[PDB]
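Report on the structure given below.
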There are 2 protein chains.
Amino acid sequence: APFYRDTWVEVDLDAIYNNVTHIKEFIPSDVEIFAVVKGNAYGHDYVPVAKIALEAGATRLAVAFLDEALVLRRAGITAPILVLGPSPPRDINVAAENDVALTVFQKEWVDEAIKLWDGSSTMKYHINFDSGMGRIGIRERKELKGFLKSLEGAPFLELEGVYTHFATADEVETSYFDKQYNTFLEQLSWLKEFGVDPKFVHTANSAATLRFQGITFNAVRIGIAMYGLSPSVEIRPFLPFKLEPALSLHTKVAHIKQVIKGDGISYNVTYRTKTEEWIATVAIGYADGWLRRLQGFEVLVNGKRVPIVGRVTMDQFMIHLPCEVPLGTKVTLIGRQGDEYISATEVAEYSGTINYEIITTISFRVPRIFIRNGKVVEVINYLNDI
Amino acid sequence: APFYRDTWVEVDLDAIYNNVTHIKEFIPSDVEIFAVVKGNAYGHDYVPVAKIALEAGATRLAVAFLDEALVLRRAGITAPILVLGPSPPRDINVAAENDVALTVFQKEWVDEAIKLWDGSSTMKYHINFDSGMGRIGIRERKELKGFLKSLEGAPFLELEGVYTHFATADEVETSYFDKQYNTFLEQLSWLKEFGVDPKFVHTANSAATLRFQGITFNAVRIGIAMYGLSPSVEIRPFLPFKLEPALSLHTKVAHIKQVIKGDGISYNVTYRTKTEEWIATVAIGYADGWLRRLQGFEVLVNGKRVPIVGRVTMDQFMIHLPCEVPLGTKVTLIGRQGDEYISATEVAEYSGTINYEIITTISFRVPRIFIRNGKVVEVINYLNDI
Ligand SMILES: Cc1ncc(COP(=O)(O)O)c(CN[C@@H](C)P(=O)(O)O)c1O
Ligand SMILES: Cc1ncc(COP(=O)(O)O)c(CN[C@@H](C)P(=O)(O)O)c1O
Ligand SMILES: [Cl-]
Ligand SMILES: [Cl-]
Ligand SMILES: [Cl-]
Ligand SMILES: [Mg+2]
Ligand SMILES: [Mg+2]
Ligand SMILES: [Mg+2]
C-alpha cells in the first residue's frame, strides 16, 4: 500500500507473463518451467513474480535459500519450490514441514540430517551435479557412491530430481558448454549404474534453453529471460524471440536550482559548475542500490539524457539539466522516456558489472508498483512490513 | 527470529552504546545528539540502533525519508524523528499524524502543502540551508524571503529547527569547511533579519563533531562514528578517541572440495586452478550486497586471508584455501578472526568505494544478530516479515 517518497520500481506483469508464455511455446510441450525468483525475484519481488509466472504456465519455483521459499509459502503459494543454493543440515525438518525441496549432494549433510531429523518428516531433495560450474554439487563417481551410501541410513530423504548448471551458456563459442553437457551425461550414467532413477532432470538456464537442442530434459530453470533481459550482450543477436523488459526504475525532481559558475556539488566538491547551471536533486542513492560508481551516468528527464554530477549520496543524487523543469518531473533511471531507453545492461556496463546485479540490488526500501493491462494492480512497500 | 542460512550480520550493541557515550562525553553538556539511522541504520537495522543510541544518551533520531520514520514509530519509539532528505508535499498530514518532522525549504512545497493540508494537522519542519553541499536547502536571501512569505499562508507548519550540512569535514585541509561555516552564519543572519528565531540549530556530522570548535550549536547529527567507523582514512589519525566498530559480516563453509589442476570455477571460467586446489563455497553473493567487484578480495578463514576466486554469483562465492577445513567453518567478510581484522574500509578500498556504501548495502535478506554484554539479545530476519 502506501509509500511516502516519489522513488519507485515499476514491474510490468504483462511483460513477465508474455516472456514465460513465449518460452513455454518455444520449448517442447512436455518440458516444465521453473520460475527462478531468488534474490527478491531479481529485484522484481518474490511473490508477484511467482504468481504471474505460474499463471503464464510455469509449474515450479526456484529460490536461493530456505527463508526465500518461506516468503512464498506464507503468501499462499503451493507450487513446488526448490532451493538451488546450499543449505545447512539444520534445515531438514523445516523444509519438509513447508513442502520445500533442498539441493542435497554431500554424505556429510546426510549424516548430520540423520542426527537432526525429527523422526517423522519426509524431505524432498534434488541432486546437484557439478559438471564444470565449480560451485556446488557432486563431481566424481566415488564421491557419488559415498553419497548414495549415506542415503541408505536416511529413508526420510526422497529424491525429486537431478540437475546441473552451465557456466558459459551465454558465450557464443560453445566448447566449454559442450564439455559440461558430455560430463553431465556421464554423471547420469553413474546414477544409472548405481540403480538410481533420476526421476526428473533439468539443466538449462535462460541462455541454454533459448539456444541449444538436447538440453531441455524434463524442465528448464528460467530467471533473466522471464524478467525480459538478455543473459549477455553477445548472445542477444541470436535469441529466438524478443524479450520484454519487466522492470523500470523512476524518481522525481525533488529540488531544482540555478547554481552559479564555479560552485561545488556534493561531497569533496568533485564537481564544479562551469556556468550558471540548472542542478536538480532526486530522492534516490546508494542505500537504494544506486551506487556511487554511477556518478557521470546519464539518467532520463523529459526524454533527454542528462548526467549525474557530484558524488552520489546515501539517499540522493544531483543532475545537471540544460533547462529548468518543474518540481515533480519524472526522472527515469531504468526504462523509457520518449525515444530514449536505458536498460539495466547499459547501467551495468557503465558500472563495470552485469544486468543481473543492477536489478537484484535495488534495495528493499524502494517500493514496487505492479502493472497489469496498463493498470496498477498492486503496490508492495517492504518498509511497511518490518 | 529464525533464519535458515548460515550467513549473518553481527551488530555489537555495546560498541554503538560506547560510541554514543564517548561522543556525548566529548561534546558540551547542552548539545544534543541526533542518532542518524537512515539506510537501515547504515545496514545495522533501524530499530535496534535507534533504541541503543537513545539509551546511550542520544535524544533525537534522523532518517532519509518518511517511510523510515514510520518503521521507528511502529516499533514504539517516541523520540523526535527528523527526515533529512526531501519529501513530497503529499507527506504533510501523515508526517504530522506520526509526530515526524520534515525538512522543508521551498515556497513551492508550502504552496502545495496548503492545498493538500487536511485542515487539522500541525507539522513540524526544519529549514535546510545549503551552505555548499549543493544538494538540498535554501542558498539565497531572496529565496529565503519568498519561502518565509509563503509560510504566512501555512500556520499549520511550525519551525522546529534550522540546519546545514558539510561537504568536506572529512578532508584534512579545511578551507571549504571554513567557507561553509561563514556562509551559514550569513544565512542565520538573514533569518534574524526577517524576524525568525531558528530555535534549534545543528550543523555537524561525525567528522565535524569530532574535529572542530564552534560547530556544535544546539545539536550534532552522528551516523558513521556511532557505528564505530571513521568518516575517512585521512582524518582517522586525528580522531579524539578510539571508535568501536559495531558491524561484522559472517558466513560458513557450505561446500569444500579438491579441484584438479586446470579446472574452472564459476561463470565464464575466469578462474582456473594452477594445482589441485581446495575450493570452498559460501552462501553469500551479490543479491546480499557482496558484489562481483569483490572477486580477488581476501576473506578470513581460520584467521588466514584467503582469496575469492571466480565470479561472485547471486547467492554464492568460492574461496581458494591452502588446506581442507570442515563444513561449517566460519568465514569472516568484515570483522576479526584471531590477529586478522577486515574493516568495511578495507572492503571499500578494494571495491573503489567508501565504508558507508559497503555497510549500508548489506541486503535486507541477510539476518542481523544483536549482541549485548557478549550475549545474543535479539535476532531480526526481515524476510520473515514480508
Ligand atoms: C542453478 C541455477 N539455475 C538457473 C539460474 C537462472 O539463470 P538465468 O537468470 O540466466 O536464467 C540460476 C541463477 N543464475 C544467476 C542469478 P546466479 O548463478 O549468479 O545465482 C541458478 O543458480
Ligand atoms: C544532513 C545529514 N546530517 C547528518 C548526517 C550524519 O553524518 P555521518 O554519517 O557522516 O556522521 C548525514 C549523513 N548522510 C551521509 C552519510 P549521505 O549524504 O551519504 O546520506 C546527513 O545527510
Ligand atoms: Cl550450481
Ligand atoms: Cl543536505
Ligand atoms: Cl576548531
Ligand atoms: Mg549397499
Ligand atoms: Mg576433470
Ligand atoms: Mg569455525
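Ligands are numbered from 1 in the order shown, chains are lettered A, B, ... in the order of the C-alpha cells, and residues start at 1 in each chain.
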(request) Any chance you could list, as a ChimeraX atom specification, the residues in stretch 218-347 of chain A that come up strand (DSSP E) when DSSP is run on the backbone? (result) /A:219-222,247-259,264-265,271-272,277-282,298-301,304-309,317-321,330-337,340-342
Would you write out, as JSON lines, a table of all residues in chain B that have an atom no more than 9 Å from an atom of ligand 7, listing for each the closest atom pair and the distance in Å to one decimal, considering only C-alpha atoms and all ligand atoms and ordering rows by chain and rising residue number?
{"residue": "B:259", "atom": "CA", "partner": "ligand 7", "partner_atom_place_in_ligand_line": "1 (Mg)", "distance": 8.3}
{"residue": "B:260", "atom": "CA", "partner": "ligand 7", "partner_atom_place_in_ligand_line": "1 (Mg)", "distance": 6.8}
{"residue": "B:261", "atom": "CA", "partner": "ligand 7", "partner_atom_place_in_ligand_line": "1 (Mg)", "distance": 8.7}
{"residue": "B:262", "atom": "CA", "partner": "ligand 7", "partner_atom_place_in_ligand_line": "1 (Mg)", "distance": 8.5}
{"residue": "B:263", "atom": "CA", "partner": "ligand 7", "partner_atom_place_in_ligand_line": "1 (Mg)", "distance": 6.6}
Would you output that residue set with N, CA and C atoms, as a short mmCIF file (atom, residue, chain, number, x, y, z; two decimals), in the first residue's frame?
data_model
loop_
_atom_site.label_atom_id
_atom_site.label_comp_id
_atom_site.auth_asym_id
_atom_site.auth_seq_id
_atom_site.Cartn_x
_atom_site.Cartn_y
_atom_site.Cartn_z
N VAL B 259 39.78 -29.53 -6.33
CA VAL B 259 39.56 -29.34 -7.75
C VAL B 259 40.89 -29.51 -8.47
N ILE B 260 40.93 -30.46 -9.41
CA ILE B 260 42.17 -30.78 -10.14
C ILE B 260 42.74 -29.59 -10.92
N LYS B 261 44.05 -29.63 -11.15
CA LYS B 261 44.76 -28.58 -11.90
C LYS B 261 44.11 -28.28 -13.22
N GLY B 262 43.91 -26.99 -13.49
CA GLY B 262 43.36 -26.54 -14.75
C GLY B 262 41.84 -26.47 -14.85
N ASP B 263 41.11 -26.95 -13.84
CA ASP B 263 39.64 -26.88 -13.87
C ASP B 263 39.14 -25.47 -13.53
#
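Using only C-alpha atoms, the protein and nucleic acid residues lying no more than 7 Å from residue B:244, apart from those fewer than 5 places from it along its own chain, are residues 15, 19 and 228 of chain B.
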Can I get the selected residues back with N, CA, C and O atoms, as a PDB file, in the first residue's frame?
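That gives us part_31.pdb:
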ATOM      1  N   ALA B  15      29.245  -1.694  21.390  1.00  0.00           N
ATOM      2  CA  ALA B  15      30.075  -0.792  20.587  1.00  0.00           C
ATOM      3  C   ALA B  15      29.327   0.500  20.271  1.00  0.00           C
ATOM      4  O   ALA B  15      29.847   1.592  20.502  1.00  0.00           O
ATOM      5  N   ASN B  19      30.155   4.182  21.638  1.00  0.00           N
ATOM      6  CA  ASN B  19      30.450   5.295  20.718  1.00  0.00           C
ATOM      7  C   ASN B  19      29.595   6.527  21.009  1.00  0.00           C
ATOM      8  O   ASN B  19      30.103   7.650  21.031  1.00  0.00           O
ATOM      9  N   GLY B 228      30.907   3.200  14.629  1.00  0.00           N
ATOM     10  CA  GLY B 228      32.254   2.884  15.086  1.00  0.00           C
ATOM     11  C   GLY B 228      33.283   2.912  13.980  1.00  0.00           C
ATOM     12  O   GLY B 228      34.336   2.270  14.089  1.00  0.00           O
TER      13      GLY B 228
END
(request) Using only C-alpha atoms and all ligand atoms, determine which residues fall within 7 Å of ligand 4, then list them as number ranges by chain. (result) B: 128, 130, 133, 135-137, 164-165
Write out, as a compact mmCIF listing (two decimals), in the first residue's frame, the residues just selected, with N, CA, C and O atoms.
# COMPACT_ATOMS: atom_id res chain seq x y z
N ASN B 128 16.49 23.49 5.98
CA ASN B 128 17.82 23.18 5.48
C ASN B 128 18.35 24.41 4.76
O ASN B 128 17.72 24.90 3.82
N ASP B 130 21.49 25.32 2.43
CA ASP B 130 22.60 24.83 1.62
C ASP B 130 23.75 25.84 1.69
O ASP B 130 23.70 26.91 1.07
N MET B 133 27.05 22.25 0.18
CA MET B 133 26.85 20.86 -0.20
C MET B 133 26.19 20.73 -1.60
O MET B 133 26.42 19.75 -2.30
N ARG B 135 23.14 20.10 -2.52
CA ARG B 135 22.17 19.01 -2.62
C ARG B 135 20.74 19.53 -2.45
O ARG B 135 20.03 19.72 -3.43
N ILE B 136 20.31 19.76 -1.21
CA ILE B 136 19.05 20.47 -0.97
C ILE B 136 19.27 21.62 -0.01
O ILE B 136 20.34 21.75 0.59
N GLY B 137 18.27 22.49 0.09
CA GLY B 137 18.27 23.59 1.03
C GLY B 137 18.33 24.96 0.38
O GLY B 137 18.71 25.09 -0.79
N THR B 164 22.41 23.08 8.49
CA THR B 164 23.16 22.88 7.25
C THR B 164 23.99 21.61 7.39
O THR B 164 23.99 20.97 8.45
N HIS B 165 24.71 21.25 6.33
CA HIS B 165 25.49 20.02 6.26
C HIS B 165 26.80 20.32 5.52
O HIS B 165 26.81 21.07 4.54
(message) Could you tell me which residues of chain B sit within 6 Å of chain A when counting only C-alpha atoms, and give me the result as a PyMOL selection string?
(response) chain B and resi 4+39+66-67+133-134+167-168+265-268+287+360-361+385-386
Just-selected residues, N, CA and C atoms written as a PDB file, in the first residue's frame:
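File written: out34.pdb
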ATOM      1  N   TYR B   4      17.507 -19.473   8.186  1.00  0.00           N
ATOM      2  CA  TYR B   4      17.801 -20.824   7.695  1.00  0.00           C
ATOM      3  C   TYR B   4      18.963 -20.880   6.705  1.00  0.00           C
ATOM      4  N   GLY B  39      19.031   4.591   5.892  1.00  0.00           N
ATOM      5  CA  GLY B  39      19.652   3.482   5.153  1.00  0.00           C
ATOM      6  C   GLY B  39      19.718   2.207   5.972  1.00  0.00           C
ATOM      7  N   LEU B  66      10.211   9.612   4.807  1.00  0.00           N
ATOM      8  CA  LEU B  66       9.143   9.408   5.796  1.00  0.00           C
ATOM      9  C   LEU B  66       8.897   7.950   6.196  1.00  0.00           C
ATOM     10  N   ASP B  67       8.877   7.048   5.221  1.00  0.00           N
ATOM     11  CA  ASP B  67       8.627   5.622   5.488  1.00  0.00           C
ATOM     12  C   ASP B  67       9.572   5.035   6.538  1.00  0.00           C
ATOM     13  N   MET B 133      27.046  22.254   0.179  1.00  0.00           N
ATOM     14  CA  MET B 133      26.846  20.856  -0.204  1.00  0.00           C
ATOM     15  C   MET B 133      26.194  20.734  -1.601  1.00  0.00           C
ATOM     16  N   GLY B 134      25.394  21.722  -2.002  1.00  0.00           N
ATOM     17  CA  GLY B 134      24.768  21.722  -3.331  1.00  0.00           C
ATOM     18  C   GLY B 134      23.660  20.699  -3.584  1.00  0.00           C
ATOM     19  N   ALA B 167      30.245  19.413   3.371  1.00  0.00           N
ATOM     20  CA  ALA B 167      30.643  18.587   2.242  1.00  0.00           C
ATOM     21  C   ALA B 167      32.081  18.055   2.349  1.00  0.00           C
ATOM     22  N   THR B 168      32.904  18.667   3.208  1.00  0.00           N
ATOM     23  CA  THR B 168      34.348  18.370   3.255  1.00  0.00           C
ATOM     24  C   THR B 168      34.929  18.163   4.665  1.00  0.00           C
ATOM     25  N   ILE B 265      36.373 -22.404 -12.278  1.00  0.00           N
ATOM     26  CA  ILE B 265      35.432 -22.056 -11.204  1.00  0.00           C
ATOM     27  C   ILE B 265      34.528 -20.898 -11.643  1.00  0.00           C
ATOM     28  N   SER B 266      33.220 -21.154 -11.613  1.00  0.00           N
ATOM     29  CA  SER B 266      32.175 -20.150 -11.799  1.00  0.00           C
ATOM     30  C   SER B 266      32.023 -19.650 -13.242  1.00  0.00           C
ATOM     31  N   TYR B 267      31.228 -18.598 -13.393  1.00  0.00           N
ATOM     32  CA  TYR B 267      30.815 -18.118 -14.698  1.00  0.00           C
ATOM     33  C   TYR B 267      31.959 -17.654 -15.569  1.00  0.00           C
ATOM     34  N   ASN B 268      31.900 -18.070 -16.835  1.00  0.00           N
ATOM     35  CA  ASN B 268      32.853 -17.664 -17.853  1.00  0.00           C
ATOM     36  C   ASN B 268      34.285 -18.093 -17.533  1.00  0.00           C
ATOM     37  N   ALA B 287      23.340 -10.556  -4.513  1.00  0.00           N
ATOM     38  CA  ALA B 287      21.965 -10.295  -4.055  1.00  0.00           C
ATOM     39  C   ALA B 287      21.938  -9.920  -2.568  1.00  0.00           C
ATOM     40  N   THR B 360      25.930  -0.153   4.253  1.00  0.00           N
ATOM     41  CA  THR B 360      24.535   0.220   4.066  1.00  0.00           C
ATOM     42  C   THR B 360      23.832  -0.672   3.043  1.00  0.00           C
ATOM     43  N   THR B 361      24.602  -1.246   2.118  1.00  0.00           N
ATOM     44  CA  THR B 361      24.045  -2.078   1.043  1.00  0.00           C
ATOM     45  C   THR B 361      24.040  -3.580   1.354  1.00  0.00           C
ATOM     46  N   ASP B 385       9.230 -11.117   7.748  1.00  0.00           N
ATOM     47  CA  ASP B 385       8.217 -10.084   7.943  1.00  0.00           C
ATOM     48  C   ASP B 385       7.427  -9.743   6.674  1.00  0.00           C
ATOM     49  N   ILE B 386       7.939 -10.097   5.494  1.00  0.00           N
ATOM     50  CA  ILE B 386       7.386  -9.566   4.230  1.00  0.00           C
ATOM     51  C   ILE B 386       6.305 -10.436   3.579  1.00  0.00           C
TER      52      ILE B 386
END
(message) Report as a PyMOL selection string all protein, DNA and RNA residues lying within 10 Å of residue B:155, evaluated on only C-alpha atoms, omitting residues in the same chain fewer than 6 positions from it.
(response) chain B and resi 114+122-123
Find the spatial neighbours of residue A:28, counting only C-alpha atoms, within a cut-off of 10 Å - ignore same-chain residues fewer than 3 positions away - and output them as a PDB file with N, CA, C and O atoms, in the first residue's frame.
ATOM      1  N   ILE A  23       8.414 -18.497 -23.887  1.00  0.00           N
ATOM      2  CA  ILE A  23       9.355 -19.583 -23.573  1.00  0.00           C
ATOM      3  C   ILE A  23       8.634 -20.923 -23.597  1.00  0.00           C
ATOM      4  O   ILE A  23       9.119 -21.880 -24.197  1.00  0.00           O
ATOM      5  N   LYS A  24       7.467 -20.964 -22.953  1.00  0.00           N
ATOM      6  CA  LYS A  24       6.608 -22.147 -22.912  1.00  0.00           C
ATOM      7  C   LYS A  24       6.216 -22.640 -24.278  1.00  0.00           C
ATOM      8  O   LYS A  24       6.245 -23.848 -24.535  1.00  0.00           O
ATOM      9  N   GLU A  25       5.856 -21.724 -25.177  1.00  0.00           N
ATOM     10  CA  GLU A  25       5.520 -22.120 -26.557  1.00  0.00           C
ATOM     11  C   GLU A  25       6.759 -22.430 -27.413  1.00  0.00           C
ATOM     12  O   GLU A  25       6.646 -23.125 -28.415  1.00  0.00           O
ATOM     13  N   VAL A  31       8.018 -30.255 -21.419  1.00  0.00           N
ATOM     14  CA  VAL A  31       9.084 -29.663 -20.606  1.00  0.00           C
ATOM     15  C   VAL A  31       8.507 -28.572 -19.709  1.00  0.00           C
ATOM     16  O   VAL A  31       7.910 -27.600 -20.196  1.00  0.00           O
ATOM     17  N   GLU A  32       8.681 -28.746 -18.400  1.00  0.00           N
ATOM     18  CA  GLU A  32       8.210 -27.773 -17.422  1.00  0.00           C
ATOM     19  C   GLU A  32       9.155 -26.579 -17.297  1.00  0.00           C
ATOM     20  O   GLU A  32      10.313 -26.628 -17.707  1.00  0.00           O
ATOM     21  N   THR A 216      16.815 -29.621 -22.803  1.00  0.00           N
ATOM     22  CA  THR A 216      15.567 -29.322 -22.097  1.00  0.00           C
ATOM     23  C   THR A 216      15.214 -30.378 -21.050  1.00  0.00           C
ATOM     24  O   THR A 216      14.627 -30.049 -20.013  1.00  0.00           O
ATOM     25  N   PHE A 217      15.563 -31.639 -21.324  1.00  0.00           N
ATOM     26  CA  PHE A 217      15.202 -32.773 -20.462  1.00  0.00           C
ATOM     27  C   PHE A 217      13.746 -32.666 -19.990  1.00  0.00           C
ATOM     28  O   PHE A 217      12.852 -32.515 -20.819  1.00  0.00           O
ATOM     29  N   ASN A 218      13.493 -32.733 -18.686  1.00  0.00           N
ATOM     30  CA  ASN A 218      12.123 -32.667 -18.173  1.00  0.00           C
ATOM     31  C   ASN A 218      11.686 -31.255 -17.786  1.00  0.00           C
ATOM     32  O   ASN A 218      10.501 -31.009 -17.599  1.00  0.00           O
ATOM     33  N   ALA A 219      12.641 -30.339 -17.649  1.00  0.00           N
ATOM     34  CA  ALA A 219      12.336 -28.994 -17.175  1.00  0.00           C
ATOM     35  C   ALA A 219      13.495 -28.028 -17.370  1.00  0.00           C
ATOM     36  O   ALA A 219      14.653 -28.435 -17.383  1.00  0.00           O
TER      37      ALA A 219
END
(message) Around ligand 5, out to 8 Å and counting only C-alpha atoms and all ligand atoms, which residues are there? I want them as a PyMOL selection string.
(response) chain B and resi 211-214
Dump of N, CA, C and O atoms for the selected residues, as a PDB file, in the first residue's frame:
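Contents of again-v6.pdb, freshly written:
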ATOM      1  N   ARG B 211      36.089  16.967  15.210  1.00  0.00           N
ATOM      2  CA  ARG B 211      37.262  17.741  14.791  1.00  0.00           C
ATOM      3  C   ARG B 211      37.292  19.211  15.216  1.00  0.00           C
ATOM      4  O   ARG B 211      38.336  19.703  15.645  1.00  0.00           O
ATOM      5  N   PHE B 212      36.158  19.899  15.097  1.00  0.00           N
ATOM      6  CA  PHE B 212      36.138  21.359  15.096  1.00  0.00           C
ATOM      7  C   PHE B 212      35.407  21.994  16.282  1.00  0.00           C
ATOM      8  O   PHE B 212      34.431  21.450  16.787  1.00  0.00           O
ATOM      9  N   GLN B 213      35.883  23.168  16.695  1.00  0.00           N
ATOM     10  CA  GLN B 213      35.217  24.003  17.705  1.00  0.00           C
ATOM     11  C   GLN B 213      34.251  24.961  17.004  1.00  0.00           C
ATOM     12  O   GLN B 213      34.444  25.306  15.838  1.00  0.00           O
ATOM     13  N   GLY B 214      33.205  25.372  17.715  1.00  0.00           N
ATOM     14  CA  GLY B 214      32.284  26.393  17.214  1.00  0.00           C
ATOM     15  C   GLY B 214      31.190  25.896  16.285  1.00  0.00           C
ATOM     16  O   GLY B 214      30.438  26.705  15.727  1.00  0.00           O
TER      17      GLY B 214
END
(message) Taking only C-alpha atoms and all ligand atoms and a cut-off of 12 Å, can you tell me which residues surround ligand 6, written as a VMD selection string?
(response) chain A and resid 145 to 153 194 to 195
Could you dump the residues just selected with N, CA, C and O atoms as a CSV table (one decimal), in the first residue's frame?
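Writing done, so here's result.csv:
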chain,number,residue,atom,x,y,z
A,145,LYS,N,29.1,-42.3,-5.1
A,145,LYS,CA,28.8,-43.6,-4.5
A,145,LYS,C,28.8,-43.5,-3.0
A,145,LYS,O,27.9,-44.1,-2.4
A,146,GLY,N,29.7,-42.8,-2.4
A,146,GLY,CA,29.6,-42.5,-1.0
A,146,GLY,C,28.4,-41.7,-0.5
A,146,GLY,O,27.8,-42.0,0.6
A,147,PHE,N,27.9,-40.8,-1.3
A,147,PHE,CA,26.7,-40.0,-1.1
A,147,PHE,C,25.5,-40.9,-1.1
A,147,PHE,O,24.7,-40.9,-0.1
A,148,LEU,N,25.4,-41.8,-2.1
A,148,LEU,CA,24.3,-42.7,-2.2
A,148,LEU,C,24.3,-43.7,-1.0
A,148,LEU,O,23.3,-44.1,-0.5
A,149,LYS,N,25.5,-44.1,-0.6
A,149,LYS,CA,25.7,-45.0,0.6
A,149,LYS,C,25.2,-44.4,1.9
A,149,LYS,O,24.5,-45.1,2.6
A,150,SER,N,25.4,-43.1,2.1
A,150,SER,CA,24.9,-42.4,3.3
A,150,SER,C,23.4,-42.3,3.3
A,150,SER,O,22.8,-42.4,4.4
A,151,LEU,N,22.8,-42.1,2.1
A,151,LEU,CA,21.4,-42.0,2.0
A,151,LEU,C,20.6,-43.3,2.4
A,151,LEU,O,19.4,-43.3,2.7
A,152,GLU,N,21.3,-44.4,2.4
A,152,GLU,CA,20.8,-45.7,2.9
A,152,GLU,C,20.3,-45.6,4.3
A,152,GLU,O,19.3,-46.3,4.7
A,153,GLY,N,21.0,-44.8,5.1
A,153,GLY,CA,20.6,-44.6,6.5
A,153,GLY,C,19.7,-43.4,6.7
A,153,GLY,O,19.4,-43.0,7.9
A,194,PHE,N,24.4,-47.2,-10.6
A,194,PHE,CA,24.2,-47.4,-9.1
A,194,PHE,C,22.7,-47.6,-8.8
A,194,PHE,O,22.3,-47.7,-7.6
A,195,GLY,N,21.9,-47.8,-9.9
A,195,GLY,CA,20.5,-48.2,-9.7
A,195,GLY,C,19.5,-47.1,-9.3
A,195,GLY,O,18.4,-47.4,-8.8
(request) Could you please extract the residues within 7 Å of ligand 8, counting only C-alpha atoms and all ligand atoms, and hand them back as number ranges by chain? (result) B: 302, 328-330
